[PDB]
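S.K.: Dropping in structure_36.csv, with CSV, N, CA, C and O atoms.
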```csv
chain,number,residue,atom,x,y,z
A,1,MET,N,-34.3,12.6,34.8
A,1,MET,CA,-35.7,12.0,34.8
A,1,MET,C,-36.7,12.9,35.5
A,1,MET,O,-37.0,12.9,36.7
A,2,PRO,N,-37.3,13.9,34.7
A,2,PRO,CA,-38.3,14.8,35.1
A,2,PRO,C,-39.7,14.3,34.8
A,2,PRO,O,-40.7,15.1,34.6
A,3,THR,N,-39.9,13.0,34.9
A,3,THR,CA,-41.0,12.3,34.3
A,3,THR,C,-42.3,12.4,35.1
A,3,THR,O,-43.3,12.9,34.6
A,4,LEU,N,-42.3,12.0,36.4
A,4,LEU,CA,-43.5,12.1,37.3
A,4,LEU,C,-44.1,13.5,37.3
A,4,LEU,O,-45.3,13.6,37.3
A,5,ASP,N,-43.3,14.5,37.3
A,5,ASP,CA,-43.6,15.9,37.1
A,5,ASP,C,-44.5,16.1,35.8
A,5,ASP,O,-45.6,16.6,35.9
A,6,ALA,N,-43.9,15.7,34.7
A,6,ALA,CA,-44.5,15.8,33.4
A,6,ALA,C,-45.8,14.9,33.2
A,6,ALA,O,-46.7,15.2,32.5
A,7,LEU,N,-45.8,13.8,34.0
A,7,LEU,CA,-46.8,12.7,33.8
A,7,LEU,C,-48.1,13.1,34.6
A,7,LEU,O,-49.2,12.6,34.3
A,8,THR,N,-47.9,13.8,35.8
A,8,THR,CA,-49.1,14.1,36.7
A,8,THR,C,-50.3,14.8,35.9
A,8,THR,O,-51.4,14.3,36.1
A,9,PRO,N,-50.1,15.9,35.1
A,9,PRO,CA,-51.2,16.4,34.2
A,9,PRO,C,-51.8,15.4,33.3
A,9,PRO,O,-53.0,15.4,33.0
A,10,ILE,N,-50.9,14.4,32.8
A,10,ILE,CA,-51.4,13.4,31.8
A,10,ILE,C,-52.3,12.4,32.4
A,10,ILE,O,-53.4,12.1,31.9
A,11,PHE,N,-52.0,11.9,33.6
A,11,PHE,CA,-52.7,10.9,34.4
A,11,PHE,C,-54.0,11.5,34.9
A,11,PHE,O,-55.1,10.9,34.9
A,12,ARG,N,-53.9,12.8,35.4
A,12,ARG,CA,-55.1,13.6,35.9
A,12,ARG,C,-56.1,13.8,34.7
A,12,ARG,O,-57.3,13.9,35.0
A,13,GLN,N,-55.6,13.9,33.5
A,13,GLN,CA,-56.4,14.1,32.3
A,13,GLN,C,-57.1,12.8,31.9
A,13,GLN,O,-58.4,12.8,31.8
A,14,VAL,N,-56.4,11.7,31.7
A,14,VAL,CA,-56.9,10.4,31.3
A,14,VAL,C,-58.0,9.9,32.3
A,14,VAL,O,-59.1,9.6,31.8
A,15,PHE,N,-57.6,9.9,33.5
A,15,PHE,CA,-58.5,9.3,34.6
A,15,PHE,C,-59.5,10.4,35.1
A,15,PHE,O,-60.3,10.1,36.0
A,16,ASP,N,-59.4,11.6,34.6
A,16,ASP,CA,-60.3,12.8,34.8
A,16,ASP,C,-60.5,13.0,36.4
A,16,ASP,O,-61.5,12.7,37.0
A,17,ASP,N,-59.4,13.6,37.0
A,17,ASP,CA,-59.3,13.8,38.4
A,17,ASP,C,-58.4,14.9,38.7
A,17,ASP,O,-57.7,15.4,37.9
A,18,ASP,N,-58.4,15.4,40.0
A,18,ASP,CA,-57.6,16.5,40.5
A,18,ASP,C,-56.7,16.1,41.7
A,18,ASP,O,-55.7,16.7,41.9
A,19,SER,N,-57.2,15.1,42.4
A,19,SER,CA,-56.5,14.6,43.6
A,19,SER,C,-55.4,13.6,43.3
A,19,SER,O,-54.6,13.3,44.2
A,20,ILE,N,-55.3,13.0,42.1
A,20,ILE,CA,-54.3,12.1,41.7
A,20,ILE,C,-52.9,12.9,41.6
A,20,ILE,O,-52.7,13.7,40.8
A,21,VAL,N,-52.0,12.5,42.5
A,21,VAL,CA,-50.6,13.0,42.5
A,21,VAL,C,-49.8,11.7,42.4
A,21,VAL,O,-49.9,10.8,43.1
A,22,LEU,N,-48.9,11.7,41.4
A,22,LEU,CA,-48.1,10.6,41.1
A,22,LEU,C,-46.9,10.4,42.0
A,22,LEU,O,-46.2,11.4,42.3
A,23,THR,N,-46.7,9.2,42.5
A,23,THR,CA,-45.5,8.7,43.2
A,23,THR,C,-45.1,7.4,42.5
A,23,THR,O,-45.8,6.8,41.8
A,24,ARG,N,-43.8,7.0,42.8
A,24,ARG,CA,-43.3,5.8,42.2
A,24,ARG,C,-44.0,4.5,42.7
A,24,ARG,O,-43.8,3.4,42.1
A,25,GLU,N,-44.7,4.6,43.8
A,25,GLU,CA,-45.4,3.5,44.4
A,25,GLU,C,-46.9,3.4,44.0
A,25,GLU,O,-47.5,2.4,44.2
A,26,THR,N,-47.4,4.5,43.4
A,26,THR,CA,-48.8,4.5,42.9
A,26,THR,C,-49.0,3.5,41.8
A,26,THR,O,-48.3,3.5,40.8
A,27,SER,N,-50.1,2.7,41.9
A,27,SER,CA,-50.4,1.7,40.8
A,27,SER,C,-51.9,1.8,40.5
A,27,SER,O,-52.6,2.7,41.1
A,28,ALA,N,-52.4,0.9,39.7
A,28,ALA,CA,-53.8,0.7,39.4
A,28,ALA,C,-54.6,0.3,40.7
A,28,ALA,O,-55.8,0.7,40.8
A,29,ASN,N,-53.9,-0.4,41.6
A,29,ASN,CA,-54.6,-0.9,42.8
A,29,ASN,C,-54.8,0.3,43.8
A,29,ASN,O,-55.7,0.2,44.6
A,30,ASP,N,-54.1,1.4,43.6
A,30,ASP,CA,-54.3,2.6,44.4
A,30,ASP,C,-55.4,3.5,43.8
A,30,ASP,O,-55.9,4.3,44.5
A,31,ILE,N,-55.7,3.3,42.5
A,31,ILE,CA,-56.7,4.1,41.8
A,31,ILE,C,-57.9,3.3,41.3
A,31,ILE,O,-57.8,2.6,40.3
A,32,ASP,N,-59.0,3.3,42.1
A,32,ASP,CA,-60.3,2.7,41.8
A,32,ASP,C,-60.9,3.6,40.7
A,32,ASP,O,-61.6,4.5,41.0
A,33,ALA,N,-60.7,3.2,39.4
A,33,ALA,CA,-60.9,4.0,38.2
A,33,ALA,C,-60.1,3.4,37.1
A,33,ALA,O,-60.5,3.3,35.9
A,34,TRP,N,-58.8,3.1,37.5
A,34,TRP,CA,-57.8,2.5,36.6
A,34,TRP,C,-58.1,1.0,36.3
A,34,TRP,O,-58.1,0.2,37.3
A,35,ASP,N,-58.4,0.6,35.1
A,35,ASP,CA,-58.7,-0.7,34.7
A,35,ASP,C,-57.9,-1.0,33.4
A,35,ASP,O,-57.2,-0.1,33.0
A,36,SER,N,-58.2,-2.1,32.7
A,36,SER,CA,-57.6,-2.5,31.4
A,36,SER,C,-57.8,-1.4,30.3
A,36,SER,O,-56.8,-1.0,29.7
A,37,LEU,N,-59.1,-1.0,30.2
A,37,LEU,CA,-59.4,0.0,29.2
A,37,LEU,C,-58.8,1.4,29.4
A,37,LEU,O,-58.2,2.0,28.5
A,38,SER,N,-58.8,1.8,30.7
A,38,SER,CA,-58.2,3.1,31.1
A,38,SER,C,-56.6,3.1,31.1
A,38,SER,O,-56.0,4.1,31.0
A,39,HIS,N,-56.1,1.9,31.3
A,39,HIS,CA,-54.6,1.6,31.2
A,39,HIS,C,-54.1,1.8,29.7
A,39,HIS,O,-53.1,2.3,29.5
A,40,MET,N,-55.0,1.3,28.8
A,40,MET,CA,-54.7,1.4,27.4
A,40,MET,C,-54.9,2.9,27.0
A,40,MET,O,-54.1,3.4,26.2
A,41,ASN,N,-55.9,3.6,27.6
A,41,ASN,CA,-56.1,5.0,27.4
A,41,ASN,C,-54.9,5.8,27.9
A,41,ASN,O,-54.5,6.8,27.2
A,42,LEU,N,-54.3,5.4,29.0
A,42,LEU,CA,-53.1,6.0,29.6
A,42,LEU,C,-51.9,5.9,28.6
A,42,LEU,O,-51.2,6.9,28.3
A,43,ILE,N,-51.6,4.7,28.2
A,43,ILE,CA,-50.4,4.4,27.3
A,43,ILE,C,-50.6,5.1,25.9
A,43,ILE,O,-49.6,5.8,25.5
A,44,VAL,N,-51.8,5.1,25.3
A,44,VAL,CA,-52.0,5.8,24.0
A,44,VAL,C,-51.9,7.3,24.1
A,44,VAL,O,-51.5,8.0,23.2
A,45,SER,N,-52.1,7.9,25.3
A,45,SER,CA,-51.9,9.3,25.7
A,45,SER,C,-50.4,9.6,25.6
A,45,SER,O,-49.9,10.6,25.2
A,46,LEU,N,-49.6,8.7,26.2
A,46,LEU,CA,-48.1,8.8,26.2
A,46,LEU,C,-47.5,8.6,24.7
A,46,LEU,O,-46.6,9.3,24.3
A,47,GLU,N,-48.2,7.8,23.9
A,47,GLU,CA,-47.9,7.5,22.5
A,47,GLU,C,-48.0,8.8,21.7
A,47,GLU,O,-47.1,9.2,20.9
A,48,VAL,N,-49.2,9.5,21.8
A,48,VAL,CA,-49.4,10.7,21.1
A,48,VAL,C,-48.7,12.0,21.6
A,48,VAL,O,-48.1,12.7,20.8
A,49,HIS,N,-48.7,12.2,22.9
A,49,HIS,CA,-48.1,13.4,23.6
A,49,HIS,C,-46.6,13.4,23.5
A,49,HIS,O,-46.0,14.3,23.0
A,50,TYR,N,-45.9,12.3,24.0
A,50,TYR,CA,-44.4,12.3,24.1
A,50,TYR,C,-43.8,11.6,22.8
A,50,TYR,O,-42.6,11.5,22.7
A,51,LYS,N,-44.7,11.0,22.0
A,51,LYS,CA,-44.4,10.3,20.7
A,51,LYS,C,-43.6,9.0,21.0
A,51,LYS,O,-43.0,8.4,20.1
A,52,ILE,N,-43.8,8.5,22.2
A,52,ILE,CA,-43.0,7.4,22.7
A,52,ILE,C,-43.7,6.1,22.6
A,52,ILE,O,-44.9,6.0,22.8
A,53,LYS,N,-43.0,5.0,22.3
A,53,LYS,CA,-43.5,3.6,22.0
A,53,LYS,C,-43.3,2.7,23.2
A,53,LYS,O,-42.2,2.5,23.7
A,54,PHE,N,-44.4,2.1,23.7
A,54,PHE,CA,-44.4,1.0,24.8
A,54,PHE,C,-44.7,-0.3,24.1
A,54,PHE,O,-45.7,-0.4,23.3
A,55,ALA,N,-43.9,-1.3,24.4
A,55,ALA,CA,-44.2,-2.7,24.0
A,55,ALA,C,-44.9,-3.4,25.2
A,55,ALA,O,-44.7,-3.1,26.3
A,56,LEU,N,-45.8,-4.4,24.8
A,56,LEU,CA,-46.6,-5.1,25.8
A,56,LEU,C,-45.7,-5.9,26.8
A,56,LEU,O,-46.0,-6.1,27.9
A,57,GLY,N,-44.5,-6.3,26.3
A,57,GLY,CA,-43.4,-6.9,27.1
A,57,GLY,C,-42.9,-6.0,28.2
A,57,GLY,O,-42.6,-6.4,29.3
A,58,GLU,N,-42.9,-4.7,27.9
A,58,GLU,CA,-42.6,-3.6,28.9
A,58,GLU,C,-43.7,-3.3,29.8
A,58,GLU,O,-43.5,-2.9,31.0
A,59,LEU,N,-45.0,-3.5,29.3
A,59,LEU,CA,-46.2,-3.4,30.1
A,59,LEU,C,-46.2,-4.5,31.2
A,59,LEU,O,-46.7,-4.3,32.3
A,60,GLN,N,-45.6,-5.7,30.9
A,60,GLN,CA,-45.4,-6.8,31.9
A,60,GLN,C,-44.5,-6.3,33.0
A,60,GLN,O,-44.5,-6.8,34.2
A,61,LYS,N,-43.7,-5.2,32.8
A,61,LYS,CA,-42.8,-4.6,33.7
A,61,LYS,C,-43.4,-3.3,34.4
A,61,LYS,O,-42.8,-2.8,35.3
A,62,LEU,N,-44.5,-2.8,33.8
A,62,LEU,CA,-45.2,-1.6,34.3
A,62,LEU,C,-46.2,-1.9,35.4
A,62,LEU,O,-47.4,-2.0,35.1
A,63,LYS,N,-45.7,-2.1,36.7
A,63,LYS,CA,-46.6,-2.5,37.8
A,63,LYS,C,-47.1,-1.1,38.5
A,63,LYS,O,-48.2,-1.1,38.9
A,64,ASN,N,-46.2,-0.1,38.4
A,64,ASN,CA,-46.5,1.2,39.1
A,64,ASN,C,-46.1,2.3,38.1
A,64,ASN,O,-45.5,2.1,37.1
A,65,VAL,N,-46.5,3.5,38.5
A,65,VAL,CA,-46.2,4.8,37.8
A,65,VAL,C,-44.6,5.1,37.9
A,65,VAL,O,-44.1,5.9,37.2
A,66,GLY,N,-44.0,4.5,38.9
A,66,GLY,CA,-42.5,4.5,39.0
A,66,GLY,C,-41.8,3.8,37.9
A,66,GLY,O,-40.8,4.3,37.4
A,67,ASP,N,-42.4,2.7,37.5
A,67,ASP,CA,-42.0,1.9,36.3
A,67,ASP,C,-42.2,2.7,35.0
A,67,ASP,O,-41.4,2.7,34.1
A,68,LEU,N,-43.4,3.5,35.0
A,68,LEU,CA,-43.6,4.5,33.9
A,68,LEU,C,-42.6,5.6,33.9
A,68,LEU,O,-42.1,6.0,32.9
A,69,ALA,N,-42.2,6.1,35.1
A,69,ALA,CA,-41.2,7.1,35.3
A,69,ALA,C,-39.9,6.7,34.6
A,69,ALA,O,-39.2,7.5,33.9
A,70,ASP,N,-39.5,5.5,34.8
A,70,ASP,CA,-38.3,4.8,34.2
A,70,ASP,C,-38.5,4.7,32.7
A,70,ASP,O,-37.8,5.3,31.9
A,71,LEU,N,-39.6,4.1,32.3
A,71,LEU,CA,-39.9,3.7,30.9
A,71,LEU,C,-40.0,4.9,30.0
A,71,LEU,O,-39.3,5.1,29.0
A,72,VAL,N,-40.9,5.9,30.4
A,72,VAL,CA,-41.1,7.2,29.7
A,72,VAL,C,-39.8,7.9,29.5
A,72,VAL,O,-39.5,8.3,28.4
A,73,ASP,N,-38.9,7.9,30.5
A,73,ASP,CA,-37.6,8.6,30.5
A,73,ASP,C,-36.6,7.9,29.5
A,73,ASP,O,-35.8,8.5,28.8
A,74,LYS,N,-36.7,6.6,29.5
A,74,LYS,CA,-35.9,5.7,28.6
A,74,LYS,C,-36.2,5.9,27.1
A,74,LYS,O,-35.4,6.0,26.3
A,75,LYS,N,-37.5,6.2,26.9
A,75,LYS,CA,-38.1,6.4,25.6
A,75,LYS,C,-37.7,7.8,25.1
A,75,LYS,O,-37.5,8.1,23.9
A,76,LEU,N,-37.7,8.8,26.1
A,76,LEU,CA,-37.3,10.2,25.9
A,76,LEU,C,-35.8,10.2,25.6
A,76,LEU,O,-35.3,11.1,24.9
A,77,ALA,N,-35.1,9.3,26.2
A,77,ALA,CA,-33.6,9.1,25.9
A,77,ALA,C,-33.4,8.6,24.5
A,77,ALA,O,-32.5,9.1,23.8
A,78,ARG,N,-34.4,7.8,24.0
A,78,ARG,CA,-34.4,7.4,22.6
A,78,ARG,C,-34.9,8.5,21.6
A,78,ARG,O,-34.7,8.4,20.4
A,79,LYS,N,-35.5,9.6,22.2
A,79,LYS,CA,-35.8,10.8,21.5
A,79,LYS,C,-34.6,11.7,21.3
A,79,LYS,O,-34.6,12.6,20.4
A,80,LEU,N,-33.6,11.7,22.3
A,80,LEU,CA,-32.3,12.3,22.1
A,80,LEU,C,-31.6,11.6,21.0
A,80,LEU,O,-30.8,12.3,20.2
A,81,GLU,N,-31.7,10.3,20.8
A,81,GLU,CA,-31.3,9.6,19.7
A,81,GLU,C,-32.1,10.0,18.5
A,81,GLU,O,-33.3,9.8,18.4
A,82,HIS,N,-31.5,10.7,17.5
A,82,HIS,CA,-32.1,11.6,16.5
A,82,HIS,C,-33.1,10.8,15.6
A,82,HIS,O,-32.7,10.5,14.4
A,83,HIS,N,-34.3,10.6,16.0
A,83,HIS,CA,-35.4,10.0,15.3
A,83,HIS,C,-36.7,10.7,15.8
A,83,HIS,O,-37.4,10.2,16.7
A,84,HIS,N,-37.0,11.9,15.2
A,84,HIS,CA,-38.1,12.7,15.6
A,84,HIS,C,-39.2,12.6,14.6
A,84,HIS,O,-39.0,12.9,13.4
A,85,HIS,N,-40.4,12.2,15.0
A,85,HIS,CA,-41.6,12.2,14.2
A,85,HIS,C,-42.8,12.5,15.2
A,85,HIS,O,-43.0,11.9,16.2
A,86,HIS,N,-43.7,13.4,14.7
A,86,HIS,CA,-44.8,13.9,15.5
A,86,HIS,C,-46.0,12.9,15.5
A,86,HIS,O,-46.0,11.9,14.8
A,87,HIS,N,-47.1,13.2,16.3
A,87,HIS,CA,-48.4,12.6,16.3
A,87,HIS,C,-49.5,13.6,16.4
A,87,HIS,O,-49.7,14.4,15.4
```
Would you mind writing the file out in C-alpha cells?

M.R.:
Amino acid sequence: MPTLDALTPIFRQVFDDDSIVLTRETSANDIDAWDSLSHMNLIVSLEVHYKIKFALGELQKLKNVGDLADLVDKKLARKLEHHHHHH
C-alpha cells in the first residue's frame, strides 16, 4: 500500500495547496476547504488518474484519507486483476 505517498500530490492539486500532507487521520474536518463539491472533485481525480471506481456505499466508509489509502489500494489490487482501460 504505497497510496498516501501517491495521493499527496493529488489532494494538493485538487484542494490547491502546498501545506496539505496526508496522514490516515486527516479528514474533511481537518481541511477548511474540503466540502461536498471538493470531495466529488477529489474522487473524480482518482477516477481519471488511477482509473479506479468508488461506489457511494464505499464513500459511506470514507471518513478519512486513511480510508482512501485502503480503498485506492484495493482498487489498484483490482487493477492487477487484468481489466485495464484508460481515462

S.K.: Between A:12, A:51, A:61, A:70, which residue has the minimum interatomic distance to residue 84 in chain A, considering only N, CA, C and O atoms?

M.R.: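 Selected residue with least distance to residue 84 in chain A: A:51.
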
S.K.: Just the residues within 12 Å of residue 30 in chain A, please, counting only C-alpha atoms, with nothing from its chain fewer than 3 positions along; format it as a ChimeraX atom specification.

M.R.: /A:20-27,33-35,63-65

S.K.: Of the candidates A:5, A:16, A:73, A:81, which shows the shortest atom-to-atom distance to residue 54 in chain A, using only C-alpha atoms?

M.R.: A:73

S.K.: Kindly give the distance, in Å, that separates CA of residue 19 in chain A and CA of residue 53 in chain A, rounded to a single decimal.

M.R.: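 So the two atoms, CA of residue 19 in chain A and CA of residue 53 in chain A, lie 27.5 Å apart.
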
S.K.: Out of A:50, A:66, A:60, A:15, which residue has the shortest atom-to-atom distance to residue 79 in chain A when counting only C-alpha atoms?

M.R.: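 With only C-alpha atoms as the atom set, the closest residue is A:50.
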
S.K.: Calculate how many Å separate atom O of residue 45 in chain A from atom C of residue 31 in chain A, rounding to one decimal.

M.R.: 19.4 Å

S.K.: To one decimal in Å, tell me the separation between CA of residue 83 in chain A and CA of residue 38 in chain A.

M.R.: 28.6 Å

S.K.: With only C-alpha atoms as the atoms that count, which of A:69, A:6, A:77, A:14 lies nearest to residue 41 in chain A?

M.R.: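 Answer, going by the shortest atom-to-atom distance: A:14.
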
S.K.: Which residue gives the smallest distance to residue 71 in chain A among A:17, A:58, A:32, A:47, with only N, CA, C and O atoms counted?

M.R.: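 Checking each candidate against residue 71 in chain A, we get A:58 as the closest.
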
S.K.: Please list as a PyMOL selection string every residue within 8 Å of residue 49 in chain A, counting only N, CA, C and O atoms and excluding residues in the same chain fewer than 5 positions away.

M.R.: chain A and resi 42-44+85-87

S.K.: From a DSSP pass on the backbone, collect the residues of range 17-86 of chain A flagged as helix (DSSP H, G or I) and hand them back as number ranges by chain.

M.R.: A: 28-30, 36-49, 56-59, 65-80
